[PDB]
């Protein structure tokens, strides 16, 4: 066990023009800290071209990143957690299919 103390009191539209734009989706888990995680969902299957139209010869893909979260241990505990890895979507990029 590597138990440390953590003080949870935190110290102190641009991407709308993307060819692979995204919206935010609320992921809520009461057994986790942070309980609310905003994930990116690509608006389209294709990428928006210069004309403002969707081109399906390319794909908008979510960028999946491993992040660390705190899991309540034992369950429902207000003050004790275990570090845990989860995969979250942090944005979208445009890719040329294989």
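Positions refer to the first chain, counted from 1. We call the rigid core whatever largest set of C-alpha positions still superposes within 1.5 Å between the two forms.
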Exercise for the section: Report the stretch with the higher root mean square CA deviation, pooled over structures and residues in 7 other deposited structures of this protein, choosing between 14 to 22 and 83 to 91 after a rigid core fit. Expected result: 14 to 22
Problem - Interval residue 12-residue 13, deposited residues with no coordinates in the entry (none, 1 to 3, 4 to 9, 10 or more) - result: 10 or more
Fill in the blank from the handout: Ranked by mean Cα B-factor in the entry, 49 to 57 and 64 to 72, top stretch is 49 to 57
Completion exercise
Avg C-alpha B-factor, entry values, 86 to 94 vs 13 to 21, higher side is 13 to 21
Handout entry: Lowest, middle or highest third - CA B-factor, residue 32
Key = middle
